[PDB]
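Okay, here we've got a single chain as structure tokens, the form deposited in one PDB entry, with questions on binding and movement later.
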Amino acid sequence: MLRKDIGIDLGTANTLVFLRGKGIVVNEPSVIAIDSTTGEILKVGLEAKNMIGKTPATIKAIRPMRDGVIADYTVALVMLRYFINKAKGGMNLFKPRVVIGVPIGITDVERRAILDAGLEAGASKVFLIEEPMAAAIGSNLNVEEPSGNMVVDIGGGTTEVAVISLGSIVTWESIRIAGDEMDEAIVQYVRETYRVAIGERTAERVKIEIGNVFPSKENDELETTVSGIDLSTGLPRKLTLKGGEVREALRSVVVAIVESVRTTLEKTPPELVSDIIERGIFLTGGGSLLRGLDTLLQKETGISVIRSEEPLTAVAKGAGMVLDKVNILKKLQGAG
């Protein structure tokens, strides 16, 4: 196409870009590294993320997106522009149409900030789409049908729970407790339990390697090691963590997620709840990969929980795909 159609999952942790007719063309951490004094852009993406917790005073590794929205506008803009340009494979004579995912609980001010960023970033037209909706579309769930589709989307910034029907969200809950809060909980557990200071990236690695929320011998037996500073001696220290401890460290976050799902179901229209019981709950998002999360939610809700086939790319895919679905596109907020 001359005018590209782009779908963007601008996450607090990772940014995915879908290009209609090509697929996912961008999959990089939502991090930008700059020279702390001049403001020169040093790196964007993976090379920038690799700097987190390891930068000299002359470099600042920034994650402009937080809680599913723009935390630092000027930096978010530069990052967004970089990713869009990269998605287009170089500037074209015609500015692309762009759809960006947003949390349902986003405010009008936060919405406008993203629309403006999109236009300044080079889009001819920008549209905003709720993440769970994009996630459902990207997963080929027939969102336009009058059939209850409950999606639990856990990203890095927010946990979104929505019951979808007729191309729209009927009931929902949006909490700013997700992937980032999980890493944070691990960092905190280690500090409090062992008086050892570890970084955000080490905590994330632990989450990925042995993160789990359902008790089982298998999960309890999972183990890995973390390295940091023993705050009692000031000496470097390596220690082993087992699944049981990580599950406990994640208890509060899980409780909050379980509660958001339970709360949404309770206020969902009965006919839709009837559909959900038959259809099951769809679990997706990068933050939903915790071991036994589907098992836990199924036990807590009494309803079958099905994991997304492509939990990381669903939102970007849907955002791109909606550009070819007029009936849904028509209802999205836009600018340009």
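Numbers follow the displayed sequence, beginning with 1.
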Can you let me know which of the two, 14 to 22 or 324 to 332, has the higher average C-alpha B-factor in the entry? 324 to 332
Per the entry, where is the mean C-alpha temperature factor higher: 55 to 63 or 269 to 277? 55 to 63
Per the deposited entry, the peak Cα B-factor within the set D153, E192, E245, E130 goes to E192
Sort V163, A121, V109, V261 by C-alpha B-factor from the entry and give me just the highest. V109
Third of the chain, ranked by Cα B-factor, where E300 sits: middle
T159: CA temperature factor from the record, placed by chain third, in the lowest
Would the CA B-factor of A113 place it in the lowest, middle or highest third of its chain? highest
For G286, the third of its chain by CA B-factor is the middle
Hey, what third does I100 fall into on Cα B-factor, ranked over its chain? lowest
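Just so you know, the form solved in complex with a small molecule exists too; it's not on screen, but the next bit is about it.
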Contact at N149, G167 and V273 by the small molecule in the deposited complex, all three, heavy atom at most 4.5 Å: no
Determine which one of 76 to 84, 190 to 198, 203 to 211, 255 to 263 lies within 4.5 Å of the small molecule in the deposited complex, judging by heavy atom distances; exactly one does. 203 to 211
Can any non-hydrogen atom of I154 be found within 4.5 angstroms of the small molecule in the deposited complex? yes
Contact with the small molecule in the deposited complex for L312, defined as at least one heavy atom pair within 4.5 Å: yes or no? yes
Heavy atom to heavy atom, is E131 within 4.5 Å of the small molecule in the deposited complex? yes
Can you check whether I306 is within 4.5 Å of the small molecule in the deposited complex, heavy atom basis? no
Contact residue in the deposited complex, from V26, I32, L290, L283 (heavy atom within 4.5 Å of the small molecule): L290
